[PDB]
Amino acid sequence: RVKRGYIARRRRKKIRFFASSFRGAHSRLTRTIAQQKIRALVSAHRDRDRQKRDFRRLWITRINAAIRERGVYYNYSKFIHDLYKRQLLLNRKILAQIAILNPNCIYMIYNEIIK
Amino acid sequence: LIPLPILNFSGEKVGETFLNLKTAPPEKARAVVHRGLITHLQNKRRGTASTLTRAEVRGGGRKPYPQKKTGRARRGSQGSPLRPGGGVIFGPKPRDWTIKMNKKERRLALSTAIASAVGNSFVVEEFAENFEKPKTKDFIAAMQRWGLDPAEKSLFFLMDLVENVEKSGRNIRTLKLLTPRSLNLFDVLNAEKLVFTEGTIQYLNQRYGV
Amino acid sequence: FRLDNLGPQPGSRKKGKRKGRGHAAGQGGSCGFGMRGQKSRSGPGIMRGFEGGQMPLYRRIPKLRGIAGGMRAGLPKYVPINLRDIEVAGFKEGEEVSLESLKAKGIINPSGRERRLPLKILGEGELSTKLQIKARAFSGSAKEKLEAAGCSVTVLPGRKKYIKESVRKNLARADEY
Amino acid sequence: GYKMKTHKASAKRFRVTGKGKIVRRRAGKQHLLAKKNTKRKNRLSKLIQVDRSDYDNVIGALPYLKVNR
RNA sequence: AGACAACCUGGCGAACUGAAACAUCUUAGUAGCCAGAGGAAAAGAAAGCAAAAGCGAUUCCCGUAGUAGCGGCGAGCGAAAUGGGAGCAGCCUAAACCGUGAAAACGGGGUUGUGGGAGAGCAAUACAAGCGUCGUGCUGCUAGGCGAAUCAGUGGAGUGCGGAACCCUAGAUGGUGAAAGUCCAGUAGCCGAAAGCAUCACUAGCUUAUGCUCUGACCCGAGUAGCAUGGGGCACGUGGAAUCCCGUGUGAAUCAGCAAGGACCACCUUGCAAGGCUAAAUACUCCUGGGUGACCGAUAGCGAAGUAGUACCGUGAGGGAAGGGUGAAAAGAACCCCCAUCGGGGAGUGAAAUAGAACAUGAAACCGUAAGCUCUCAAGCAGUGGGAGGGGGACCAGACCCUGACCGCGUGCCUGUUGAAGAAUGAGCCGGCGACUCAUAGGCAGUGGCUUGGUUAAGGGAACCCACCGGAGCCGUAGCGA
RNA sequence: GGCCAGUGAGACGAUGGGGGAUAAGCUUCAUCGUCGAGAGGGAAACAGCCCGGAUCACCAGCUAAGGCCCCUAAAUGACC
RNA sequence: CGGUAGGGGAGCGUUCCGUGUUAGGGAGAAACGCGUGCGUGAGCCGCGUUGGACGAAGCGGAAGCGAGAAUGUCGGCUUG
C-alpha cells in the first residue's frame, strides 16, 4: 500500500518561490529556504510595529527641525504647549507632512499658534 | 399508506398492494442505513495485502560493522527498515477480520432503503414471467414497455428464480437478478428504478410488517 | 436513499489522532509522552500494579479468608426469584409455575447452569393472584406470602443422596420416637 | 484471541460488594497480637473501602469483576 | 539406501528475556540439531467421564473461562465436566478346549462387560451386510471443435466523439496505431477420447454366521500391577497429591476378582490394563489448476522484471548487489561535407529527430551562457521596514514586477537544559525511503438497533461476502458470610 | 467524582534562618516576584532587576518605568 | 483570546475504493511550471508555443497518509 507522493514539492515549491532575492544559498538551498521564510516573516512583524514607532520618531524630529528655524528659542515642547492650550484636537503629526509640502501653511499654523 | 400500480405486459393499474415497512425515525435514518451500507461494503473486503517486516527478509542478521571507531551511524542490519533494501515498519498484515453488525439494525436498514425507495416514483411493479425460448428480446422489450431504460442501472428480483429469466437477464450489465435468498442492501440501494412482484411485495410485507 | 447522499451523524465517528505529525496537530514531536522515562520508551513498560520498587498495594494486604485457605468460594445454589418477578409477569389466575414456565415466559434466562441450581422463591414483594407452584423450596417469609394468598404451594424433592447401608442403618436405628 | 488474565495476587485481596465498590481486609492482624490493643485488634479486623488512588489503580489491573467508578 | 518447502511424530534440548536483581519459576519442551514418514501425521474403540441423574472410540471449532486452581500464592501458568456443531466405523489377536509334532509352533473355537468365554445337552436354517487382479458402465481430467451481431466523418492512427443499424443462452478477459457487445483470440451454450488416471455403481468369488438351559471349579494378556525409593508430566512448582509413564529393588489376584471415582478405609457406581490395526473432521505450502485483490509498480513487490542467488567478497561456513519503458510500425538516417574514428550538420523516414539509438514525462541540488539593474573606504545569520537612482511591459496610465544609494532593527534551525547565537548535539547539499501501527480482550466516552430484556459464536449458505437459520453461551435481573 | 496526561534536575531577587569564613552566580529550607513557559520598553549589550502582560491591522493619539547636547526621540528649560 | 511539557474541539492534503464504464479529456487528462485571485492556514481555483492518456468535484470509507533533523539510509552532485 505504497504511498510515494508529490505534496512536499508543492509545499516546498511555494516556500521556494517566496525566497527570491536572498543572495545565495538563502535563495536556492531548501534547508535554508525554510528558515529564511521563517526569519523573513518575523522580520516583517517587528519591522511593522517599529515602522509605526519609527515613523512616529521621524515626524517628531521633522516638525522639531521645522519649528526650530525661527531662531528665537521656541522648542518642539512649546509648540505643543500652545498647540493644546489653543484648542486644536489632535493634528496627528501630519503637520510634519504639510510642514514641508505647504511651508507657508505651517507658517500660518505657527503664526496662529502665537496669537 | 401510499399505493402503487401492478403492471403487466399490457400495463394497466389493477390492484393496490400496499408497502408497509418498518421505517427508521427521522434524523436517524441515513446514519442507520449508512452504517449498514458501510459494514456491507466493509465486510465485502478481504485481507489480500502483505508486506515483509524486518523478521522475514533474506537480509543479514549480522552486525555489518562494529559499534565504534567509524564515522557513520550505528546501523546493525542491512535489512533495517531505515535502509531501502528491505524490511518495513507497521505495514499491512493480511487481516481477515469480523465486523459484526446487529440483525434488527440491518433488517431496519433494508426496510428503510426499500421504504425510501417507494413513493418518489422509483417503483413500478410487475407480477409474472413466462418466457418460452429465452432470447433477451422480449426481456428488453418488456423492460422498455414497463418504462425502464436498459442503461439506467435498474434492479429487480423475483420469487422462486425461474431459469428462463436468469438466462435472459444475466447478460445486460446494468441489472442483475436477485431473490430473497440473495437480497442484499448495496445492490438495491442504487435506487434508480426497482420493481417487485406480488410474492415479493407480500413476502416483503409478510416479513417487515407494521 | 442513494449511494451518493449517505453520511454519518456528527459525533458518531471521530478521527483517530495521529501522533508525531506536527506540533500544530497537537501531539507532535514526542507524541504526548513528555521527555524521557519508561513512559516514553517503547516496549511493555511498567507492570500495572507496580509501585516502583515499593512493596505493592496487593502484597501489603492480607488475603481474603476462604481464598487465603484455598477453600471453595461461596456459590449460588438456587435461582433467587422474588414475587416482584411474579406480579409484573403476565401469569394469570390459572397457570403453573415451574422451571420451563419461568424460562418460556421471560423472567429467568439461565444459561451457564441449567443443570445444578433449580429455583427458589423469596419474600420481597407481594403476590395477590393465586397460582399453583411446584418449584423448589421457599423461605419462611415467602411461605407466609404464598400461604397468605391461598395458592397451591408444592415443594419438589430434587435429588436423593446415596446413604451407606451402615449409615442408613445407624440413622434408621435413631427412629426411637 | 488473547484474553486478558485476571491478576491472581490481587484477586485474592480485593472484592466487589454488589453496589460495585472494592473492599479489602485491613493489615496487621496475623502477627504480634498481644503487643497491640483489643481496640486495635477490632479496628484492624473489619473490611473497608480502598481509597480512590488504589481504587483506580487496580481497577484496570483486575478487569473481570464489574466495578463502577 | 538418496532427495523433500512447511505441517506431524520420536529423542537430545538451551540462553538472552520476564520476575524491574536472581537461584524456584518463566521464556520453553519454544528455537536449534539428528532420525523417520504420509498427504496428512499423532491419537483412537473405555481397567473412560460423571454422580445416584446420565453419556457412550479419537480428533478439531465455539464456549464454560481467564472459572476452579497451581505459584519465592511473586512473575506468571491455567484446565476439566455439563452444553452446541464438523465428521462418524469399528475390527483382528492371546488364554481356557480338540487334533498333529520332543518342545517352538500350526489348523478349528473365542474374544466380551447393570460380565462373557471354555465344558455338557437341546434346536435351527436362511434374511441382511463386508472384501475384491478381471472387464464391460457412468461422469470428470489430460488435445481440442462449432460458435450471434455495422458502416461512415474527424486534426498520424478511432475502439472515443457526432449520425445511422443490429446481437445477447454471448456486456468475463487479453490484444489490435486510441479507450471494443458487434476487428481478432475468445466467452455463454452445444459437442468431442484411440490411451492413461480418478469417481462411485456390476461381476466369477471369498465371507460375517444363529437362540435356550445347567455349570461360582477351567480361562479372560506376570516379572505385569502394587509397594519402598529417585523422578517426569498432567494447569497442579511435593504439596493432603490422586490418574499416567519410567530408573534400582521387592513383587500379587482372576470375575466370590482387579482398577478408577484427587491421600486412604467401608459401601455403591463405572470399566476390564499389562496384545495390535484403522477413514473422516484437522495443520501447512517447494508447488499445480481456476477466481479474486480499497496489494506493489523498478529505493516498491520475491534477494532477483536482463548474467539473480548472478557479478563481487571470504580458505570455508556464509554474505550479497545494481542496471526497465524510441516509435504505432526500425519505417534505425540513402546520398553530400568535416573526418583516422567517435561524433556533428544538411537531406530522407516519422504525426513528433528540440522520439536519434546515453533515444518516453524530466523536477531539485550541480555546472553553464545570454539580457535588465547594481558592487572595488567596505564589518555582514545576509533579512525586513522605508526607498534614492534605473529598467521592463503596460490600462483601471497613482497600479504591477525586477535591481538596490543609504538609515533603523534583527544573537541560524532542531534536540535539550535553571539557562543554547552559543565556542553543547546533529546535519555537505538535493530527491526518494524512514517511526504510537495490527490482532484479541477490559474500561470509559460519542453515535446508533431493540427494551414483548439485549445479542449471537462455532457451523450451514447461488466459489467468498451475504438473505435466513443456528438460544449453545454472555451480560443485567439478590444480596451477606470464610 | 468519571476518563485522561505530564511533572517529580529548577534558577535568580527581597525577607526569615541553618552549613560556610553572616565567602561564593555556594548549599538546604519557609513566604513572595520573575524566568522556566513572557514577547515589548528601560537597563550600551545582557533569563530572573523596574514598568508591563503581545488576537490582528493603522505612515493613529495619551502614558508607566526611564529620559529631554550629539551619536539616538524629546528642554544647551527655569530658579535655588 | 502570550505560552513550553501536555489536554480537548474543528479542518486541509495525499493514494485506493462506492457512486464510477461519473462529469470532463489528442479541440490536450495526470505530471512539471506559473499567478496583480481567494482562505486563519494546511490549501483551492485559474493560466501555460512543455508534455501526451487518463480522470475530477460532491456525499462517504480505509491507510506503508504529510519530512529539516535520527554520527538516519539509498542514489545524484558539490566544497576543498
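Cβ atoms come from the backbone with ideal geometry, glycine included; neighbour counts cover every protein chain shown. Bear in mind that the values in this text are calculations on the coordinates, not laboratory data.
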### Query
Which of the residues that make up region B:8-28 are charged (D, E, K, R), more than 30 Å from B:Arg145 (Cβ to Cβ) and out of contact with any helix residue (DSSP H, G or I) (no Cβ under 8 Å at 6 or more places or on another chain)?
B:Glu27, B:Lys28
### Message
I'm told B:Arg45 meets every condition in (1) within 14 Å of chain C (Cβ to nearest Cβ); (2) within 11 Å of RNA strand G (Cβ to nearest atom); (3) closer than 30 Å to B:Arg207 by Cα except one. Can you identify the failing condition by its number?
### Response
(1)
### Task
Return yes when B:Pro5 is within 30 Å of B:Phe139 (Cα to Cα) and more than 16 Å from RNA strand G (Cβ to nearest atom) and no when it is not.
yes
### Query
Scanning region A:1-19 for residues that are in a helix (DSSP H, G or I) and near RNA strand E (Cβ under 6 Å from one of its atoms), which turns out farthest from B:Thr51 (Cα to Cα)?
A:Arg12
## Note on the structure
Given (1) crowded, with 17+ Cβ neighbours inside 10 Å; (2) under 42 Å from the mean Cα position of the chain (by Cα); (3) more than 14 Å from chain C (Cβ to nearest Cβ), B:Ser121 misses just (1)
#### Entry: Selection count where residues are hydrophobic (A, V, I, L, M, F, W, C), assigned to a loop (DSSP other than H, G, I, E, B) and within 12 Å of RNA strand G (Cβ to nearest atom), scope region A:20-51
2
### Query
When residues of region B:94-118 are filtered for being of a type in the set (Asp, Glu) and either crowded, with 19+ Cβ neighbours inside 10 Å or touching a residue at least 60 places away in the same chain (Cβ under 8 Å) (or both), how many remain?
1
### Message
For region B:33-72, give me each residue that is near RNA strand E (Cβ under 8 Å from one of its atoms) and under 30 Å from C:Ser12 (Cα atoms).
### Response
B:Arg35, B:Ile38, B:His40, B:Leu41, B:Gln42, B:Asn43, B:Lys44, B:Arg45, B:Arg46, B:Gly47, B:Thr48, B:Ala49
### Query
Can you name the condition, by its number, that C:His23 falls short on among (1) within 16 Å of RNA strand F (Cβ to nearest atom); (2) touching a strand residue (DSSP E or B) at 6+ places or on another chain (Cβ under 8 Å)?
(2)
### Task
Kindly indicate whether A:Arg57 is farther than 23 Å from A:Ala99 by Cβ, loosely packed, with under 13 Cβ neighbours inside 10 Å and out of contact with any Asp or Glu (no Cβ under 8 Å at 6 or more places or on another chain).
no
### Query
If you go through region D:16-30, how many residues are in contact with a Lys or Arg (Cβ under 7 Å, 6 or more places away or on another chain), more than 11 Å from chain C (Cβ to nearest Cβ) and not in a strand (DSSP E or B)?
1
### Query
What are the residues in region B:27-76 that are in contact (Cβ under 8 Å) with a residue 24 or more places away in the chain and outside any loop (DSSP other than H, G, I, E, B), if any?
B:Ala29, B:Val32, B:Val33, B:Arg35, B:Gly36, B:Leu37, B:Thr39, B:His40, B:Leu41, B:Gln42, B:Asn43, B:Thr53
### Query
If we keep just the residues of region B:61-83 that are of a type outside the set (D, E, K, R) and more than 52 Å from the chain's Cα centre (by Cα), which is nearest to B:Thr51 (Cα to Cα)?
B:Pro64
### Query
What tally of residues in region B:127-174 results from selecting those that are closer than 20 Å to B:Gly199 by Cα and either of a type in the set (D, E, K, R) or in contact with a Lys or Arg (Cβ under 6 Å, 6 or more places away or on another chain) (or both)?
5
### Query
Checking C:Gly74 against (1) under 20 Å from the mean Cα position of the chain (by Cα); (2) free of Cβ contacts under 8 Å to residues at least 24 places away in the same chain; (3) surrounded by 10 or more Cβ atoms within 10 Å (Cβ to Cβ), which single condition isn't satisfied?
(3)
#### Entry: Leading residue by the ranking (farthest from the chain's Cα centre (by Cα)) among those in region A:37-56 that are more than 6 Å from RNA strand E (Cβ to nearest atom) and in contact (Cβ under 8 Å) with a residue 12 or more places away in the chain
A:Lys37
### Query
Picking from C:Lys92, C:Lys15, C:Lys39, which residue would you name as being more than 7 Å from RNA strand E (Cβ to nearest atom), within 30 Å of B:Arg30 (Cα to Cα), assigned to a loop (DSSP other than H, G, I, E, B) and not polar (S, T, N, Q)?
C:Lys15
#### Entry: Pairs, first within 14 Å of another protein chain (Cβ to nearest Cβ) in region A:1-13, second assigned to a loop (DSSP other than H, G, I, E, B) and hydrophobic (A, V, I, L, M, F, W, C), C-beta under 7 Å, six or more apart
A:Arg1/B:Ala49
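Listed here are the residues, each with its yes/no results for (1) surrounded by 12 or more Cβ atoms within 10 Å (Cβ to Cβ); (2) within 16 Å of RNA strand G (Cβ to nearest atom); (3) more than 9 Å from chain C (Cβ to nearest Cβ).
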position: D:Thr6; (1), (2), (3): yes, no, yes
position: D:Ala11; (1), (2), (3): yes, no, no
position: D:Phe14; (1), (2), (3): yes, no, no
position: D:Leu32; (1), (2), (3): no, no, yes
position: D:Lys46; (1), (2), (3): no, no, yes
position: D:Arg52; (1), (2), (3): no, no, yes
#### Entry: Residue in region C:72-83 that is under 30 Å from C:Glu144 (Cα atoms) and either within 15 Å of RNA strand F (Cβ to nearest atom) or not in a loop (DSSP other than H, G, I, E, B) (or both) present
yes
### Summary
Expected output for region B:163-178 (first residue among the acidic types (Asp, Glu), partner assigned to a strand (DSSP E or B) and surrounded by 15 or more Cβ atoms within 10 Å (Cβ to Cβ), Cβ below 8 Å, 6+ apart or cross-chain) is B:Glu166/B:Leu177
### Task
Show the residue pairs that are 6+ apart or on different chains and have beta-carbon atoms under 6 Å apart, the first residue being within region C:41-67 and of a type in the set (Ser, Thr, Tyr), the second being surrounded by 10 or more Cβ atoms within 10 Å (Cβ to Cβ).
C:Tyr58/D:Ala9; C:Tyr58/D:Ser10; C:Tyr58/D:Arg13
